[PDB]
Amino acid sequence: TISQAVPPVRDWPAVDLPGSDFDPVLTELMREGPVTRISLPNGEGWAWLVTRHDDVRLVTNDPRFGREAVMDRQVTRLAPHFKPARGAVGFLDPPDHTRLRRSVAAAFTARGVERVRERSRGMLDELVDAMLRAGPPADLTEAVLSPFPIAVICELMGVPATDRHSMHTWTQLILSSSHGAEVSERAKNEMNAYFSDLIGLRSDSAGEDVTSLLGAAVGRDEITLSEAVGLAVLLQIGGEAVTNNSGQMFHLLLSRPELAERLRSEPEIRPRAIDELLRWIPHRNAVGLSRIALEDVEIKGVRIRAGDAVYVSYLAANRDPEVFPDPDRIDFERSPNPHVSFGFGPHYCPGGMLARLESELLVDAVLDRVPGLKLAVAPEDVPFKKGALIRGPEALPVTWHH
């Protein structure tokens, strides 16, 4: 009856934000309305953006939106390079996405990840033992936050003991180090070859570890060898997300002492506190991967045309004032806490339960075993990743009583 003008296209340039400060451009978009249009540094054109919790759930869970179609054109994006392997789990839709996620689902459920809690707790104590032995001045990221997620994933994946040192090295080299491309690509190839072999050997394995599950799914013609290897690599190197995120957790726990004090005073609230931290921490820069409207869809009186690219902001959704009253307040007691830090819909993060487990063990060890733990520099002096997709510290210098 009455025309509702489409929103203006908002430019969203890459900006390095300090520590855990919220993106002011995202804030502006959140205040403009539930549905906006954005233009990112890379790719071409514009894309719709939804920021409200309900809209984010709709776009990420509804069959009317697809991921596969995304690789048909250069959708405006943040990352400089795009158009990777299609077999990538992120670019697959139900006709094949389900087969891949189903293959390893059991190992990533709450009970699945509990299988490695004891071993992981032990490995963490070894890392902390070493840091304490070395003495007071340390980079918590290098000494703990970085190696721990890798050690835990090796155990969950079922990587032979004598091959884990290689996994560590490959992971570090992969998409994050010197001799860009060359070294990174080389390590990526070695890891691919490794998992290609391990999984193949597990063709008829009944093991519960991830590679065994992958090998069996392959053996049963549920997924191809290529599909299994690709996912295995992604899962193997996905721990960096925990390294970065937990990095923000401790930066927060140390810069806002009241938070650390509460967790030491009431250990029982740690699980819920971790979830609150996960909801609050601005995990990434801008937005990640869009979805293409497969047919026309209306959102808050806005007509999203079939073919249009649509982005969701999980960070904004986690600050939805209706769902999270006083959204900017870090409240460990926040009763209902339906955050989407681990995404939503078919593509929700498989590592979510694992990330919570790793975060819980980390908080325990760091807050209970480091006497007088505090930042060794001013909070604003902690270096954070620049030109990154996933936010977090480059290092987290801490000190304590020897």
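The first residue of the shown sequence is 1; numbering continues from there.
Comparing 202 to 210 with 135 to 143, the stretch with the higher mean C-alpha B-factor in the PDB entry is 202 to 210.
For the two regions 113 to 121 and 175 to 183, the entry's Cα B-factors average higher over 175 to 183.
Set against one another, the Cα B-factors of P321, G238, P271, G158 in the record reach their highest point at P321. Highest CA B-factor among the listed residues (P327, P80, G90, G307): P80. Ranked within its chain, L367 lands in the lowest third, by CA B factor from the PDB record. The deposited CA B-factor of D72 belongs to the highest third of values across its chain. Annotation for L375: CA B-factor lies in the lowest third of the chain's modelled residues. Per-chain ranking of the deposited C-alpha B factor places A216 in the highest third. In this PDB entry, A14 carries a Cα temperature factor that places it within the highest third of its chain's modelled residues.
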